[PDB]
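Novice: Chains as they are written, first to last, in the authors' numbering: chain A, 180 to 199, 217 to 244, 258 to 495, 506 to 675, 678 to 684, 686 to 810; chain D, 31 to 243; chain E, 23 to 111; chain C, 38 to 85; chain P, 1264 to 1277, 1291 to 1300. For each residue, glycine too, the CB sits at the ideal point set by N, CA and C.
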Amino acid sequence: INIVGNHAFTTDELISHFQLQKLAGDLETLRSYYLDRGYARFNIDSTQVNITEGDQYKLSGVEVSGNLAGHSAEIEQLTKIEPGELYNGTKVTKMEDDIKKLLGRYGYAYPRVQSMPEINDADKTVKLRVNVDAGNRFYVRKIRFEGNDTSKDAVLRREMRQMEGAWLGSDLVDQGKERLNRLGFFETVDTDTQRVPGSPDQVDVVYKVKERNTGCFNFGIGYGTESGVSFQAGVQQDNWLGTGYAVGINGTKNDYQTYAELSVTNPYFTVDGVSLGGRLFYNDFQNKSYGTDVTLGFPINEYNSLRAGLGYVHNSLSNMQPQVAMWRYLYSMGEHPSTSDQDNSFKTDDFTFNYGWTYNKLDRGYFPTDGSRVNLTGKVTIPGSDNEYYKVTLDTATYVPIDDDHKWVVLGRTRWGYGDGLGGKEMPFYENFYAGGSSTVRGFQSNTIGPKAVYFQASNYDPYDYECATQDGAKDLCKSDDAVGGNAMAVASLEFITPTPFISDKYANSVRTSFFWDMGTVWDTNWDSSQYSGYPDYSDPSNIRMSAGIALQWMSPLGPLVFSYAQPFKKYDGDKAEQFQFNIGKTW
Amino acid sequence: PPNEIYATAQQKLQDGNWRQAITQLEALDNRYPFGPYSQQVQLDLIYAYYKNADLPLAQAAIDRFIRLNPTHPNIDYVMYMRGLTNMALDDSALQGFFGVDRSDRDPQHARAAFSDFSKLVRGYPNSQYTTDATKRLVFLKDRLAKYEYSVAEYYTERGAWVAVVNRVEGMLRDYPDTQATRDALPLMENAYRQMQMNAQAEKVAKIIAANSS
Amino acid sequence: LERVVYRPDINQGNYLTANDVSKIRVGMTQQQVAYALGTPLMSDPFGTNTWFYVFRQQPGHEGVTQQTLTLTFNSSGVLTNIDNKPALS
Amino acid sequence: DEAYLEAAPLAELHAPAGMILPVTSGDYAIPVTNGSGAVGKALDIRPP
Amino acid sequence: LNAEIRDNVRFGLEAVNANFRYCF
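#1: At a Cβ cut of 8 Å, what residues of the segment 57 to 72 of chain E count as close to chain C, listed as they run along the chain?
#2: Distance cutoff 7 Å, beta carbons only. Does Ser281(A) sit that close to anything in chain F?
#3: Do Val194(D) and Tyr205(D) count as a contact pair if the criterion is CB distance below 7 Å?
#4: Ignore the nearest five residues each way along the sequence and tell me which others in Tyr548(A)'s own chain have a CB closer than 6 Å to its CB.
#5: Can you list, in chain order, the residues of its chain whose CB lies under 6 Å from that of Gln88(E), leaving out five sequence neighbours each side?
#6: Answer with yes or no whether the minimum CB distance from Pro68(C) to chain E is below 7 Å.
#7: For residue 215(A) versus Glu607(A), is the C-beta spacing smaller than 7 Å?
#8: Using a C-beta to C-beta distance shorter than 7 Å, which residues of chain D count as neighbours of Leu110(E)?
#9: Can you tell me whether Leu63(E) is helix, strand or coil according to DSSP?
#10: Evaluate contact between the segment 648 to 662 of chain A and the segment 733 to 750 of chain A, counting only Cβ atoms and requiring at least three cross-stretch pairs below 8 Å.
#11: Starting from the beta carbon of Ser408(A), find every residue of chain E whose beta carbon is closer than 8 Å, and list them in chain order.
#12: Identify every residue that forms a DSSP beta bridge with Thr743(A).
#13: Determine the closest residue to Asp45(D) out of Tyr62(D), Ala78(D) and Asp59(D), with distance taken between C-alpha atoms.
#14: Give the single residue among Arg197(D), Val192(D) and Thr208(D) whose Cα lies nearest to the Cα of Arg223(D).
#15: Using a 10 Å radius around the Cβ and a threshold of 16 neighbouring Cβ atoms, would you call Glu178(D) buried or exposed?
#16: Out of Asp84(D), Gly65(D) and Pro66(D), state which residue places its alpha-carbon closest to the alpha-carbon of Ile52(D).
#17: Does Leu47(C) pass the burial test, meaning 16 or more other C-beta atoms within 10 Å, or should it be called exposed?
#18: Cβ atoms of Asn422(A) and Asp136(D): under 7 Å apart, would you say?
#19: Confirm, please, whether the CB-CB distance from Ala88(D) to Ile76(D) is below 7 Å.
#20: Note the first and the last residue of the continuous alpha helix (DSSP H) segment covering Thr186(D).
#21: Please classify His139(D): does DSSP put it in a helix, a strand, or coil?
#22: Between the C-alpha atoms of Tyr674(A) and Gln753(A), what's the straight-line distance to the nearest angstrom?
#23: Using CA coordinates, which residue listed in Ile32(E), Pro108(E), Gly82(E) and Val86(E) is at the minimum distance from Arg25(E)?
#24: Identify whether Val619(A) lies in helix, strand or coil by the three-state DSSP scheme.
#25: Rounded to a whole number of angstroms, what is the C-alpha to C-alpha distance between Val629(A) and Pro620(A)?
#26: According to DSSP, is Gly656(A) part of a helix, a strand, or is it coil?
#27: Quick check on this structure: which residue in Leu114(D), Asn60(D) and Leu58(D) has the alpha carbon closest to the alpha carbon of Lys81(D)?
#28: For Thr397(A), which of helix, strand or coil comes out of DSSP?
#29: My output table needs one value for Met777(A): the three-state DSSP class, helix, strand or coil.
#30: Is there at least one Cβ from chain E nearer than 7 Å to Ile57(C)'s Cβ?
#31: State the Cα-Cα distance for the pair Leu174(D) and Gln209(D), rounded to the nearest angstrom.
#32: I'd like to know whether the C-beta of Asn1295(P) is nearer than 7 Å to at least one C-beta of chain A.
#33: Keeping to the same chain, check which residues put their C-beta closer than 8 Å to that of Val483(A); ignore five residues upstream and five downstream.
#34: According to DSSP, is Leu87(D) part of a helix, a strand, or is it coil?
#35: Can you look up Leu311(A) in the DSSP assignment and give me helix, strand or coil?
#36: Starting from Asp413(A), trace the alpha helix (DSSP H) in both directions and tell me its first and last residue.
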């Protein structure tokens, strides 16, 4: 079988869409192509492929008649086509679907839209006559939910834009569908609009949802006769017992570190969407800190929201090492430690204010395919604090689909941040930014990107540490690999999401695969490159680390796990590589 | 031989591991699918699946049995088991443990259970299980009224006053005898006052006084 | 404080317009009225024969607009009285 | 559990004099029975 | 040394490092 009888176009322009019931589909595709090219009389006589071709016809205009219950200007605009355009069956179908959608917008749930082109062969033109019957307005009598055997009905009815006892809007139901997808509590959402048997003008709306399991709270204790007892445990949840409250409580206790954190929040404190929540934490590592914060926030439009809150943290340090950056800070604070003398202490009570702004137009909770998200967070100190500073972090991500089936997608992921002191004071060094690891740039050891400490005499560990740590040998300034973090950072990654031809159906909605290229850098400020001219200049922002690789994301029964491998291409002295990485994500 | 398998299954049903009783019953169906006592095995599997909470299997076994035995001297036992099987789905061990109010969750399972118990009670009025079925019907009816009550409260909070009035009237038609319906009356009194429909607010207040304690 | 909080618009009841309201006449049957206006969403179930048509809208950060039409019918299904309240007190 | 045995009793509503209450549906109707027999843990629910 | 009871119900012990996970 081949293509026979084409003179307007050659077969090389047509066979490219053929697989040579597949043939019936290819023949319908070719017929649609010709109809969309003005060939009003194009058809197929028989399959052997004997083609009959016509000429090209141009549209003369569109007439519309029928039971148009107002909105005539909108219909005219939808059907307004400039004269001279070629006849196109697809355009006609599109116009009919746009009319149906427009009518649905105002409650005409079941319009009847049909059209018939008049083909003028003496003069090659097509005049279209459209017959529209708007029908009656529909009202929603009951809204019901099925499948929600764990979550409370109160949750599903708040993520809705269609109220009972009012006219139907198709877009007002679809918005509900999207908001439920944005909640992140369901595997799938679908809809139905079944007519009420007792009246031609009333319809019910039914949503089908399937909840995924969440939380997976863990615990465990390491133990041995050499290692002793090491306890770690915690619980995390997004939809605790189905009430919509988020909970996070974790902690650990061992012979070198002890800490705990609790964070609880209510996305809907009030009926109109005002949210409240907060957290408490304690972490004593053998330096200690502890504190609390409370945040309130609310929406300002369908896509944007604001947050703000207050809190307090206590920070107490001791036995600090003689680092140049740390001592610069301490001197800026008025401290005068003795050179290379480990005997020291410092503690402050810092009262702060934090705030932020978000935007979220993503289509899915965990595997978005379109849209973008922006998260801008600021933090400032207030009078009465010992450390006067501000910070800003911007985190954005945009998904752009390529494929109609959304298998080919390009993701832009970027993060930037900065911060500084007030009044001529320095930023505390324990608030510095770090990068590297699966959360930022893959292929590098965690918190290894950035400038490193230079060490300068008394210590209780003198004999055991490196020669520049031991105070019998630590006679001068030494370079080290001990990352201290910085006051500025930037990270970016370009990730391509592709099909997964190597997975079975059970993974069809659980496994995503992508290719990526990562870049980023961390740098400082207030770096006196003259005094420390014998070491690298940390103020140079051009030493950007770069790597690329492949990753797979799997929404396993135990939560979102990420497996990846990447290799570096751009590395600077002092960096440490890590080529194979795996982490539990519970983010993105 | 089938006598030893039957004896083992009975011993495992009387006490011990019900899963072993399941194994013995499946062995009976695999080895003697058409024996003279295969009906006993099918009923024993239904019971054991219920006991182990293997609800999808109890349901499949029941539908199979009914198709196999459109009529039977003890068909009311099977229907009773249907009612228990449907009630068994409307629960959660964690929700019970933490004192969670289950009435706000999908009531469809309760509706199916209600329907099967009604069919049983009406078809076999002299069955020994009638008293339990009627007590369960009262319980389930109250649960459905609570479901409607909670929905009405949500729409009241949102100000969807037409939905509040329409749904409560529905409650009046479907659950005329329940505490939830009496408790809902002020919702109608309020809805008819937020909208200037004073005659109905007065009628509601009158029915409240007439039925107040 | 609440004046800056996002509030979706809320609609309640059946849609009304003067072009259709003006078409109702005493002597018209219930079937003709229901055809012309649509099925009533509210009715008084407590032993009477009357229909309530309520057109209520509340845009976000806006007041409440409501038109209430009460139709009184006889036991024969014939309209006896039209009570048209174009605005709330 | 057997919490169903603790369910509250049912009681009908009465109309105010001169008023007619909405006509109910026959669905969810519960027939009148004598109530004889064991309930809850006292029942034998094993196969015949 | 290690066993699971149901999907998302996992316990391990393996001197030893006892750990347990359970999903809702």
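Specialist: Looking at the atomic coordinates:
#1: Near chain C, meaning a CB-to-CB distance below 8 Å, the residues of the segment 57 to 72 of chain E are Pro67, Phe68 and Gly69.
#2: In the displayed structure, chain F is absent; the protein chains listed are A, D, E, C and P.
#3: Not closer than 7 Å, so no.
#4: Closer than 6 Å at Cβ, skipping near neighbours: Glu645 and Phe648.
#5: For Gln88(E), where only same-chain residues beyond five positions count, the Cβ hits under 6 Å are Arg78 and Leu110.
#6: Answer no: the Cβ-Cβ gap between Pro68(C) and chain E never drops below 7 Å.
#7: Here chain A breaks off after 199 and picks up again at 217, leaving residue 215(A) without coordinates.
#8: Per Cβ cutoff of 7 Å: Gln226.
#9: The three-state secondary structure of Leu63(E), taken from DSSP, is coil.
#10: A contact exists between the segment 648 to 662 of chain A and the segment 733 to 750 of chain A.
#11: Residues of chain E passing the Cβ test: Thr61.
#12: Partner(s): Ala712(A).
#13: When the alpha-carbon of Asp45(D) is set against those of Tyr62(D), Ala78(D) and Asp59(D), the nearest one is in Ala78(D).
#14: That would be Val192(D), whose Cα lies nearest to the Cα of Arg223(D).
#15: Result: buried.
#16: Of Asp84(D), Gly65(D) and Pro66(D), the smallest CA-CA separation from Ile52(D) is found for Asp84(D).
#17: Classification of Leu47(C): exposed, given that the 10 Å Cβ count is below 16.
#18: Result no, Cβ atoms of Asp136(D) and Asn422(A) do not sit closer than 7 Å.
#19: The Cβ atoms of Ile76(D) and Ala88(D) sit closer than 7 Å to each other.
#20: DSSP places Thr186(D) inside the alpha helix (DSSP H), whose first and last residues are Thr160 to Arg188.
#21: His139(D): helix per DSSP, three-state reduction.
#22: Going from the Cα of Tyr674(A) to the Cα of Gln753(A) covers about 14 Å.
#23: When each option's Cα is compared against that of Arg25(E), the closest is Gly82(E).
#24: DSSP places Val619(A) within a strand segment (E or B) once states are collapsed to three.
#25: If you draw a straight line from the Cα of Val629(A) to the Cα of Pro620(A), it is about 6 Å long.
#26: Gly656(A): coil per DSSP, three-state reduction.
#27: Residue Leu114(D) is the option with its Cα nearest to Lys81(D).
#28: Reduced to three states, the DSSP call for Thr397(A) is strand.
#29: Correct three-state label for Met777(A): strand.
#30: Cβ-Cβ to chain E under 7 Å: yes for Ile57(C).
#31: C-alpha separation (whole angstroms): 11 Å.
#32: Taking Cβ atoms only, chain A reaches closer than 7 Å to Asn1295(P), which makes this a yes.
#33: Excluding residues within five positions, the ones whose Cβ falls inside 8 Å are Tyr477, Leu515, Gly516 and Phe517.
#34: Collapsing the DSSP output to three states places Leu87(D) in a helix.
#35: Reduced to three states, the DSSP call for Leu311(A) is helix.
#36: Unbroken run through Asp413(A) is the beta strand (DSSP E), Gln411 to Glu420; no alpha helix (DSSP H).
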